[PDB]
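Going down the list, the protein sequences come from chains A, B, C and D. Positions 1 to 77 (this note's numbering) are the ones given, in order, by the first sequence. Positions 1 to 175 (this note's numbering) are the ones given, in order, by the second sequence. Positions 1 to 111 (this note's numbering) are the ones given, in order, by the third sequence. Positions 1 to 141 (this note's numbering) are the ones given, in order, by the fourth sequence. Where is the CB? At the ideal position from N, CA and C, for every residue including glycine.
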Amino acid sequence: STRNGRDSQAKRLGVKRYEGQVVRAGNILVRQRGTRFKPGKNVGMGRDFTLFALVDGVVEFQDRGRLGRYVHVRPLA
Amino acid sequence: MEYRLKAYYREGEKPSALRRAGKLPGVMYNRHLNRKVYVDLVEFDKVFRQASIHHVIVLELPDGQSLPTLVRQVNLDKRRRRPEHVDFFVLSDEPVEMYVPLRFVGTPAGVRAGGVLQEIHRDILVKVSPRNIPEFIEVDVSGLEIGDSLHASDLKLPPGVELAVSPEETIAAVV
Amino acid sequence: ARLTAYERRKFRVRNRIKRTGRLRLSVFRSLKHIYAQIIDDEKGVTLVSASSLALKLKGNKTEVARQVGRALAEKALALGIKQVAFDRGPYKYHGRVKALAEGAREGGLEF
Amino acid sequence: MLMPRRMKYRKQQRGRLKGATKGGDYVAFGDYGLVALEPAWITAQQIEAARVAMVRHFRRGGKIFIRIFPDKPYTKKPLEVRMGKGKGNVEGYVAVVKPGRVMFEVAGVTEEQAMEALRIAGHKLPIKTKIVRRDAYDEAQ
RNA sequence: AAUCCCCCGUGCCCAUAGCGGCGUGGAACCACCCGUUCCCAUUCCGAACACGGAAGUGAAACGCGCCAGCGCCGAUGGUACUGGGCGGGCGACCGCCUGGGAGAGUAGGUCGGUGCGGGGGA
RNA sequence: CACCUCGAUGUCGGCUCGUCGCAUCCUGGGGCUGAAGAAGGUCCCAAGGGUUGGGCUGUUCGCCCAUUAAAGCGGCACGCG
RNA sequence: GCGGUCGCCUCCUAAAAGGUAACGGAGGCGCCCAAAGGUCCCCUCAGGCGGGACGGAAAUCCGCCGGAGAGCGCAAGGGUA
RNA sequence: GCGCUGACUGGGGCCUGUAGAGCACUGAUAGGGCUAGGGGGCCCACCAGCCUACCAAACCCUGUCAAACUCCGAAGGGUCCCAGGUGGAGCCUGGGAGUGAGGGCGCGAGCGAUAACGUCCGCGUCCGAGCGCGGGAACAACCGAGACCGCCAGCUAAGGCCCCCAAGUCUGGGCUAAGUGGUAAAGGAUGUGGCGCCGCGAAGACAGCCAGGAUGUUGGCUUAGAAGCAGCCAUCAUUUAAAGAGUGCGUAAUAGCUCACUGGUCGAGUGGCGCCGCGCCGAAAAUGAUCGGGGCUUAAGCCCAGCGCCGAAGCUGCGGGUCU
RNA sequence: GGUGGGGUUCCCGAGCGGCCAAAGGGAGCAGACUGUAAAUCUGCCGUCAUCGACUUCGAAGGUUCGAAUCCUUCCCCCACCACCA
Ligand SMILES: [Mg+2]
Ligand SMILES: [Mg+2]
Ligand SMILES: [Mg+2]
Ligand SMILES: [Mg+2]
Ligand SMILES: [Mg+2]
Ligand SMILES: [Mg+2]
Ligand SMILES: [Mg+2]
Ligand SMILES: [Mg+2]
Ligand SMILES: [Mg+2]
Ligand SMILES: [Mg+2]
Ligand SMILES: [Mg+2]
Ligand SMILES: [Mg+2]
Ligand SMILES: [Mg+2]
Ligand SMILES: [Mg+2]
Ligand SMILES: [Mg+2]
Ligand SMILES: [Mg+2]
Ligand SMILES: [Mg+2]
Ligand SMILES: [Mg+2]
Ligand SMILES: [Mg+2]
Ligand SMILES: [Mg+2]
Ligand SMILES: [Mg+2]
Ligand SMILES: [Mg+2]
Ligand SMILES: [Mg+2]
Ligand SMILES: [Mg+2]
Ligand SMILES: [Mg+2]
Ligand SMILES: [Mg+2]
Ligand SMILES: [Mg+2]
Ligand SMILES: [Mg+2]
Ligand SMILES: [Mg+2]
Ligand SMILES: [Mg+2]
Ligand SMILES: [Mg+2]
Ligand SMILES: [Mg+2]
Ligand SMILES: [Mg+2]
Ligand SMILES: [Mg+2]
Ligand SMILES: [Mg+2]
Ligand SMILES: [Mg+2]
Ligand SMILES: [Mg+2]
Ligand SMILES: [Mg+2]
Ligand SMILES: [Mg+2]
Ligand SMILES: [Mg+2]
Ligand SMILES: [Mg+2]
Ligand SMILES: [Mg+2]
Ligand SMILES: [Mg+2]
Ligand SMILES: [Mg+2]
Ligand SMILES: [Mg+2]
Ligand SMILES: [Mg+2]
Ligand SMILES: [Mg+2]
Ligand SMILES: [Mg+2]
Ligand SMILES: [Mg+2]
Ligand SMILES: [Mg+2]
Ligand SMILES: [Mg+2]
Ligand SMILES: [Mg+2]
Ligand SMILES: [Mg+2]
Ligand SMILES: [Mg+2]
Ligand SMILES: [Mg+2]
Ligand SMILES: [Mg+2]
Ligand SMILES: [Mg+2]
Ligand SMILES: [Mg+2]
Ligand SMILES: [Mg+2]
Ligand SMILES: [Mg+2]
Ligand SMILES: [Mg+2]
Ligand SMILES: [Mg+2]
Ligand SMILES: [Mg+2]
Ligand SMILES: [Mg+2]
Ligand SMILES: [Mg+2]
Ligand SMILES: [Mg+2]
Ligand SMILES: [Mg+2]
Ligand SMILES: [Mg+2]
Ligand SMILES: [Mg+2]
Ligand SMILES: [Mg+2]
Ligand SMILES: [Mg+2]
Ligand SMILES: [Mg+2]
Ligand SMILES: [Mg+2]
Ligand SMILES: [Mg+2]
Numbered sequence: 001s002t003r004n005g006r007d008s009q010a011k012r013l014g015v016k017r018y019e020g021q022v023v024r025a026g027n028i029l030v031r032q033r034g035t036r037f038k039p040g041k042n043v044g045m046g047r048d049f050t051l052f053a054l055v056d057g058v059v060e061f062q063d064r065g066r067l068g069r070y071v072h073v074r075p076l077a
Numbered sequence: 001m002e003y004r005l006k007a008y009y010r011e012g013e014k015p016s017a018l019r020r021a022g023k024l025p026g027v028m029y030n031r032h033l034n035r036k037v038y039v040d041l042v043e044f045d046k047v048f049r050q051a052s053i054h055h056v057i058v059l060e061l062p063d064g065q066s067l068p069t070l071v072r073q074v075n076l077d078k079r080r081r082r083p084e085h086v087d088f089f090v091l092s093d094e095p096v097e098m099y100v101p102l103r104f105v106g107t108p109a110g111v112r113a114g115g116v117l118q119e120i121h122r123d124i125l126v127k128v129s130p131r132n133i134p135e136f137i138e139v140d141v142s143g144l145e146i147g148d149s150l151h152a153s154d155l156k157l158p159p160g161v162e163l164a165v166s167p168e169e170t171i172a173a174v175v
Numbered sequence: 001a002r003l004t005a006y007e008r009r010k011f012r013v014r015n016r017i018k019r020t021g022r023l024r025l026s027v028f029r030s031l032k033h034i035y036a037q038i039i040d041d042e043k044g045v046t047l048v049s050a051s052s053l054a055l056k057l058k059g060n061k062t063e064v065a066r067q068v069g070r071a072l073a074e075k076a077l078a079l080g081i082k083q084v085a086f087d088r089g090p091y092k093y094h095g096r097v098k099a100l101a102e103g104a105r106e107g108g109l110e111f
Numbered sequence: 001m002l003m004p005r006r007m008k009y010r011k012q013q014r015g016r017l018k019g020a021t022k023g024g025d026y027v028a029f030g031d032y033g034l035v036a037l038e039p040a041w042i043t044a045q046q047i048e049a050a051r052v053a054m055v056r057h058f059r060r061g062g063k064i065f066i067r068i069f070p071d072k073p074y075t076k077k078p079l080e081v082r083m084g085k086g087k088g089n090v091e092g093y094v095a096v097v098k099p100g101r102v103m104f105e106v107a108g109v110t111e112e113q114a115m116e117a118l119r120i121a122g123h124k125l126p127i128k129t130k131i132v133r134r135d136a137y138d139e140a141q
């Protein structure tokens, strides 16, 4: 017999809205494990590091080098 | 001493077809130039056997010129180990790095009957001007006894130029 | 030694500010003088400046400071500006910086 | 018998034999070499059957370089087969060898002497080979 | 007002701005510096943080330059691979078409650029 | 492995009756021999025919007795209820 | 049947969204902390080298170099000066 | 009911960490150098202590490997926007189901043995339900192609065009002599055709034939004798266009014989290597054989280029049916 | 027949790849003890020879620089496997 045999549930992680999608206040934007997308303008980040639109708007991505990747919501939806 | 081959020009004409044609694709470049060239394969082999990035190939090619090219890469395709592309580096006078063969001249030179010859490098990398190009390098070193290791400045350093360093290294020793 | 306590604590106190997204009232106190800008980030642009250098005053820098404080309100409040966030940068909020701050009232408020 | 000391995982997946490639391939250490014509898992007990064929031909003389190494664990099910329960039971190790790679590669021996040794050495191998010499094409580096 | 150059802030690009070596700056800014009464301080120490200063020095720090030993960036050609279409081999696997096309490596490149506001020069 | 057969494809061994294969046990023909002869060894050709009787065990097989040119090995639903 | 297993977390398998199987490869949980919690204020590692009584490979001290390889209560991953 | 939103496609953004590759991390890892620790061999036993043809840290040169490594990273894939797209498309509400044993094949993996008409997933397809049609001898799932009905009409697909058997004994060019085709591998071979590379050669080579076939000498060693051929070696030296103290037969050791190596004869090629095409060996199983069969050899086989024709329930032509 | 483990000087016996002619015990020879012995203690323990030289691990051959120690091979053992329904 085998002492192996487990695995855990898929956590269905990753990005839930991409650039230039129209979001709404509260929409969550990224589901993620560490801080690998840091919150930008109008983007909150919850205790599971999870990012959500603060305002209705549209989503843009920004790659700031050693500063990291950033998700902003650009208002006036 | 002087290696002339040939060359030609190309723009379109898939290298698959050329290669199928007996002609070895390649490129021609230096600081001032980049150009697509091909050569005959059989022609190139006979020269490159000899030349081998140690010596200057003067090309030629149509609109006949003579370009002081060093060959700086050969890409062989691994399956058949036959060269599938060459790129020729054209000289003009600025100090430039390259590989100069070594000549070990002498007897075992110390601890004879018997030592260990033990050549570490068959070549060396040296920053050298196009004008004076040292086609080989004399290594005598009467000893070379047990426990001695030749580094860099213990080498001839032909009147042309200096090294590509680092001066601390090993070339021959006897253990 | 990479990236000193100075420049950490500096970032640490700055980054928090730049989050709330107000106008930033930045404060540079030197050994002689004390200067203050009011900056709009995302336009990357200074709006209203004040200093002991440009107002050519001296006499006891904590008192000088409060003066470049009242000086900044004045100039700034004039453009519509109210509600900023007080930088304080590397400085403990104390002394000369506390004073430019607590003289930066009558406009540019909540500190 | 070659075999890694201190493995990180015993038992790794089989994976494919595709794409003759990836280094080795140019004869860096010696005067002559054995190059792989076809892909194979080549077994530690195969490599040493080649090594010894050659040292025997040099009468303990010469220099021999090997240059493939069996780091891939080979499992087997005891006899007693039945599919399941687990995976089980590493026998040997193999090195994966795709075409154009140099294994072995002698030096410090007369040409016809080494060429006879490499030919022997080759018969101990499951795939086809090619004997090679060394070249301008094997560059400098 | 503008244009320029130098400094002080403060952003942006996020190493082509970095390490190292050399050189250079004190009028002004900045630093070190002079003190520890006072505010306020260091699990001990005004080191730091803080205040009051202004004699000195640009030694340290910083700013500005220069050098390619390192670091970093890096083609063009050519391959690998491959979306779609076809073949071949007992097999492991291979090949052709059409479109896309790396990685390493070669040539090279670089000792930053730039915005807003100050202070000073013209 | 689980593909036809569980609304049934009777299962070992023996006996009877064979037929086929040849990787040949014997007989026939060969090469080599570390083949003097005789007698072997090994390998090649060859499936025409042959290929014993007993003790023990349900046995196949094996061991053993006495012989023999030899006491062949397989397949045919481990051939054939 | 016997053996193993049965819910939860981490990684790989998984074919660069998600998801994805096998008695496929490996590991972990069934707790814990009144501070290991909120906030404000400071502080920045491991490691290497040189120095220094009892001090040793490493107790504490000083110098320089060290961009994170340390730490984050526990498995792994992601994250993080 | 809504009614242009659909699959698919164009452009644009964003997301990702696989193929490939890489070694910067985690490990593995070949050769070398330089070096802590050390096996030690030992110099002393006080710190000492020189060498490594063993381990082996770090470090540097060279060289690799990895599902649970990644400094890199394609093609693709996903999602939103804007456009095309009127489709037995799409969305919303409801009524009725059936299904929840799948299978083969391709591709990508795992398990297995780089076994299975094996097993387990992924993406695709077909069978299922297209065991209706054509091709593949026959044959669910391979190639062709989606059968509404009728016709003694046409064009094609796949595959075919010597006869069984509809259409070429078609036209060029080349290869193979095995009946290969009508196959099974390592490996082997003056098979045969081609493209090379190297050596030697009219200072006349390769082949034969004519001629010479050392001497100190038994070489010493061993020896009744090895005086090359019972044999372990110093295989050295001379004179020569030139014979190895000698390769084999011989052998009472010798005698005798041959070879090597040269001279001459003659007269144009010769020997080595690598590559490609087709073939040969390797090649033994059980009721009677066979490529489907006859039969085929400048092909009726294989490669290259052509031109025609045959060929389905596909397509067309004519008539008809039903639904929309 | 097939795979698990075993052969150590005359006997039992320990054995790391750098030491292994191989320590540890009994034999077995020599000395001392004793009137002489047995027991006990001492030295010798394959051969010489000063050290050290030299072959021994059942026989052989490999691997390694080095093998009693790894690798097969011919034996030589008792723990185990071979119909079948
Ligand atoms: Mg998971
Ligand atoms: Mg390869
Ligand atoms: Mg082989
Ligand atoms: Mg001054
Ligand atoms: Mg001065
Ligand atoms: Mg006081
Ligand atoms: Mg204190
Ligand atoms: Mg200075
Ligand atoms: Mg690059
Ligand atoms: Mg490119
Ligand atoms: Mg493609
Ligand atoms: Mg590139
Ligand atoms: Mg700036
Ligand atoms: Mg069944
Ligand atoms: Mg099944
Ligand atoms: Mg039944
Ligand atoms: Mg029935
Ligand atoms: Mg019945
Ligand atoms: Mg026969
Ligand atoms: Mg006979
Ligand atoms: Mg006879
Ligand atoms: Mg005979
Ligand atoms: Mg017969
Ligand atoms: Mg009776
Ligand atoms: Mg009976
Ligand atoms: Mg029996
Ligand atoms: Mg009988
Ligand atoms: Mg029978
Ligand atoms: Mg049976
Ligand atoms: Mg039966
Ligand atoms: Mg009956
Ligand atoms: Mg149970
Ligand atoms: Mg995924
Ligand atoms: Mg996917
Ligand atoms: Mg568990
Ligand atoms: Mg430290
Ligand atoms: Mg220390
Ligand atoms: Mg960490
Ligand atoms: Mg539309
Ligand atoms: Mg759409
Ligand atoms: Mg699109
Ligand atoms: Mg890979
Ligand atoms: Mg690595
Ligand atoms: Mg990977
Ligand atoms: Mg890149
Ligand atoms: Mg897109
Ligand atoms: Mg639309
Ligand atoms: Mg529908
Ligand atoms: Mg419904
Ligand atoms: Mg099911
Ligand atoms: Mg299906
Ligand atoms: Mg299924
Ligand atoms: Mg295919
Ligand atoms: Mg199946
Ligand atoms: Mg299968
Ligand atoms: Mg399917
Ligand atoms: Mg059904
Ligand atoms: Mg069908
Ligand atoms: Mg269908
Ligand atoms: Mg049928
Ligand atoms: Mg048919
Ligand atoms: Mg229809
Ligand atoms: Mg056709
Ligand atoms: Mg026909
Ligand atoms: Mg006809
Ligand atoms: Mg004809
Ligand atoms: Mg035939
Ligand atoms: Mg045939
Ligand atoms: Mg013809
Ligand atoms: Mg027609
Ligand atoms: Mg129709
Ligand atoms: Mg009609
Ligand atoms: Mg209808
Ligand atoms: Mg007495």
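Task: CB contact flag (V97 (chain D), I42 (chain D), <7 Å) - done: Taking the first residue of the fourth sequence as 1, we reach residue 97 (chain D) at position 97. Taking the first residue of the fourth sequence as 1, we reach residue 42 (chain D) at position 42. Yes, the Cβ-Cβ distance between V97 (chain D) and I42 (chain D) is below 7 Å.
- [ ] Starting from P70 (chain D), follow the beta strand (DSSP E) in both directions and report where the run begins and ends.
- [x] Working through the fourth sequence from its first residue, we reach residue 70 (chain D) at position 70. Per DSSP, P70 (chain D) belongs to no beta strand (DSSP E) and is neither H nor E.
Open item on the list: Please report the distance separating the alpha-carbon of residue 148 (chain D) from that of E105 (chain D).
Closed with: Lying before the first or after the last residue shown, residue 148 (chain D) is absent from chain D, which here runs from 1 to 141.
Task: Neighbour-count burial assignment, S142 (chain B), 16 or more Cβ in a 10 Å radius - done: Within the second sequence, numbered from 1, the residue matching residue 142 (chain B) stands at position 142. Label assigned to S142 (chain B): exposed.
TODO: Kindly provide the ranges of any beta strand (DSSP E) runs that are 3 or more residues long and lie completely inside the stretch 91-165 of chain B, ordered along the chain.
DONE: 96-104, 123-128 and 137-139
Task: Own chain, CB closer than 8 Å to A109 (chain B), minus 5 neighbours either side, in chain order - done: Translated into positions along the second sequence, residue 109 (chain B) becomes position 109. Result list for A109 (chain B): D140, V141, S142, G143 and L144, in chain order.
Task: Within 7 Å, strictly: CB atoms of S149 (chain B) and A173 (chain B) - done: By 1-based counting over the second sequence, the position of residue 149 (chain B) is 149. By 1-based counting over the second sequence, the position of residue 173 (chain B) is 173. Against a cut-off of 7 Å, the Cβ pair of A173 (chain B) and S149 (chain B) comes out as a contact.
Open item on the list: Whole angstroms are fine: how far does the CA of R96 (chain C) sit from the CA of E63 (chain C)?
Closed with: Counted from its first residue, the third sequence places residue 63 (chain C) at position 63. Counted from its first residue, the third sequence places residue 96 (chain C) at position 96. Between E63 (chain C) and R96 (chain C), the C-alpha separation is close to 8 Å.
Task: Backbone CA spacing between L34 (chain D) and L5 (chain B) [nearest angstrom] - done: The residue you call residue 34 (chain D) lines up with position 34 of the fourth sequence. The residue you call residue 5 (chain B) lines up with position 5 of the second sequence. Using only the alpha carbons, I get a separation of about 32 Å.
Task: Where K46 (chain B) falls, given that 16 or more other Cβ within 10 Å makes a residue buried - done: The sequence position of residue 46 (chain B) within the second sequence is 46, counting from 1. Under this definition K46 (chain B) is an exposed residue.
Task: Interface residues of chain D facing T2 (chain A) [CB-CB closer than 9 Å] - done: Here the question's residue 2 (chain A) lines up with position 2 in the first sequence. Within 9 Å Cβ-Cβ: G84, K85, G86, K87 and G88.
TODO: Report buried or exposed for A78 (chain C), applying the criterion of at least 16 other Cβ atoms within 10 angstroms of its Cβ.
DONE: Stepping through the third sequence from its first residue, residue 78 (chain C) is reached at position 78. Its Cβ having fewer than 16 others within 10 Å, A78 (chain C) is exposed.
Task: Residue range of the unbroken beta strand (DSSP E) whose run includes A85 (chain C) - done: For the purposes of this step, residue 85 (chain C) is taken as the residue at position 85 of the third sequence. Start and end: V84 to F86.
TODO: Using DSSP bridges, identify the partner residues of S1 (chain A).
DONE: The sequence position of residue 1 (chain A) within the first sequence is 1, counting from 1. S1 (chain A) pairs with nothing; no bridge assigned.
TODO: Use the C-beta contact count for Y91 (chain C): other C-beta atoms within 10 angstroms, 16 or more gives buried, fewer gives exposed.
DONE: To locate residue 91 (chain C), count along the third sequence from 1; it is residue 91. Buried, since its Cβ has 16 or more Cβ neighbours within 10 Å.
Task: Nearest residue (CA-CA) to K18 (chain C), options C:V84, C:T4 and C:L55 - done: Here residue 18 (chain C) refers to the residue found at position 18 of the third sequence. Closest option to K18 (chain C), Cα to Cα, is C:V84.
- [ ] State the Cα-Cα distance for the pair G62 (chain D) and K78 (chain B), rounded to the nearest angstrom.
- [x] Indexing the fourth sequence from 1 puts residue 62 (chain D) at position 62. Indexing the second sequence from 1 puts residue 78 (chain B) at position 78. Their backbone Cα atoms lie some 27 Å apart in a straight line.
Open item on the list: With distance defined between alpha-carbon atoms, name the residue in B:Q73, B:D40, B:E119 and B:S16 nearest to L61 (chain B).
Closed with: Taking the first residue of the second sequence as position 1, residue 61 (chain B) is located at position 61. Nearest C-alpha to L61 (chain B): B:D40.
Open item on the list: Quick check on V105 (chain B): buried or exposed, where buried means 16 or more other Cβ atoms within 10 Å of its Cβ?
Closed with: Here residue 105 (chain B) refers to the residue found at position 105 when the second sequence is read from its first residue. Its Cβ having fewer than 16 others within 10 Å, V105 (chain B) is exposed.
Open item on the list: So, for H85 (chain B): in the same chain, excluding its five sequence neighbours on each side, which residues have a beta-carbon less than 6 Å away from its beta-carbon?
Closed with: One-based indexing of the second sequence puts residue 85 (chain B) at position 85. Taken in chain order, the residues that qualify are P25, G26 and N75.
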